[PDB]
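For reference, the chain that follows is the form deposited in one PDB entry, supplied as structure tokens.
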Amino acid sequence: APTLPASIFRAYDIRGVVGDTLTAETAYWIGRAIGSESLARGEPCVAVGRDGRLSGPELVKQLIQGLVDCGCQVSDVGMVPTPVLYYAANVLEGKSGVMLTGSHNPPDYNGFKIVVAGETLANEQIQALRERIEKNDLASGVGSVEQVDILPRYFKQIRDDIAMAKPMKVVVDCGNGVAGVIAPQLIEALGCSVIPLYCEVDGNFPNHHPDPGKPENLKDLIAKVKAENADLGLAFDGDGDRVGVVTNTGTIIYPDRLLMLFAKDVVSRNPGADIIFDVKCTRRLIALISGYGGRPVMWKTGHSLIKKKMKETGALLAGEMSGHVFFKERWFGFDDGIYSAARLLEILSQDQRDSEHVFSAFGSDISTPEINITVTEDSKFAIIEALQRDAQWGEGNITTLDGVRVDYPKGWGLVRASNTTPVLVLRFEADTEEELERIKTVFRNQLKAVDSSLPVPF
């Protein structure tokens, strides 16, 4: 084994720039490492999937070989969305799966999301593979590969369990990512008319990057929805584990709003059920979950960390501000933008109101988008520690499971470190503009007390 760069081994996945920090050799050894760990957990069967990035076809061969060279039985499911790979690792013989994807990033990025024996790896488990390659703590065997055509199985699974009450007109924007393989087809099969936008799978991303979290990547969907008098706009990120929602009047629906609608529907069918959300989500979620008799669980940001939490709590649903939505009710508990789109359409089809009025019916508060402060990699965790240790917030409920969050009577604010970039991530919400500004001023002062050079942009 060679000496791989440590930067590519991250908190919830492995990611690198192909030809640079991610090469054919890197992919092979990563496959060796994942195969050895899956075999240590008693799992020789590993599903393997890839997204529609230019480097997919080449690099996936190396991943497959590394797993085969452990003695693993590989199920090659070809080019599929991320959640279709997570589904493979739920319905096939083995409970391990590797997805070769670079998510929503520039054409040249690629990487790995890993499930081993039911568990999606995070933090120390990702380092554990890095360390296997360093130590040559690797299995050796003569494995096998079989091709598995899994997409029709998935498609059918969703179609059979969803029941739309009326037809709808839906603009689907796949941003040329791998969602194009199934999203337009399936939504139409549920009973919709589908206006496609950027639905051809093209790893050059010649339109807008498939990242529905940036509002400018929704400009075209919004214009198309209005132009065509459509009922709803939907947008998927590169690999299909995130969705973004636009109303019939062009309103962008923040994922924590989307969760409110899902939470209302799931809890109403399952009294007492647990519902998970990350620390960036509106507080309205607590009240709405509790009101319908559910149990609101606030947790850490990060898909792998949310999946783990759902297994521990038995939550029937989870959601993140980033747009990852995890259904266990009627499903398997992994994030899936395409399945979530199907669940949204189902609910919407049953309402006599247009999508604008269905979502406007949850009212509003004053809130910020995500704010980002670029710090250093040396200092980012230290600042958060310093805030958690020594900051003074005034009267409020202080939550520290991921950064610092303080819920005041009339609003809330959050500061956490990003697990992927040398940045501090903030969000604020409030009943009033004045209160928003009161909270923002508290956070500004507290950050300035740690380091009076920090560029607080509010």
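Position 1 is the first residue in the sequence shown; the rest follow in order.
A.B. asks: With respect to the recorded C-alpha B factors, which stretch has the higher mean value, 117-125 or 286-294?
C.D. replies: Comparing averages over the C-alpha atoms only gives 117-125.
A.B. asks: Give the stretch, out of 323-331 and 100-108, with the larger mean C-alpha temperature factor in the deposited entry.
C.D. replies: That would be 100-108.
A.B. asks: Given 131, 278, 274, 365, identify the residue with the highest C-alpha B factor in the PDB entry.
C.D. replies: When the deposited C-alpha B-factors of 131, 278, 274, 365 are compared, 365 is largest.
A.B. asks: Highest Cα temperature factor in the entry, among the options 84, 172, 318, 267: which one is it?
C.D. replies: Going by the entry's C-alpha B-factors, 267 comes out highest.
A.B. asks: How does the C-alpha B factor of residue 43 compare with the rest of the chain: lowest, middle or highest third?
C.D. replies: It belongs to the lowest third of the chain when residues are ordered by C-alpha B-factor.
A.B. asks: Classify residue 391 as lowest, middle or highest third according to the C-alpha B-factor given in the PDB entry, relative to its own chain.
C.D. replies: Top third by C-alpha B-factor.
A.B. asks: Based on the entry's values, in what third of the chain does the Cα temperature factor of residue 226 lie: lowest, middle or highest?
C.D. replies: According to the entry, residue 226 has a C-alpha B-factor in the chain's middle third.
A.B. asks: By the record's CA B-factor, is residue 397 among the lowest, middle or highest third of residues in the chain?
C.D. replies: Answer is middle: the recorded C-alpha B-factor places it there.
A.B. asks: Splitting the chain's C-alpha B-factors into thirds, which one does residue 26 fall into?
C.D. replies: Middle third - that is where residue 26 ends up once the chain's C-alpha B-factors are sorted.
Only in words, not in the display: the form deposited in another entry, which the text now covers.
A.B. asks: Which single option from 401, 362, 386, 430 is at the hinge, given the motion of the rigid parts between this form and the one not shown?
C.D. replies: So the residue at the hinge between this form and the one not shown must be 362.
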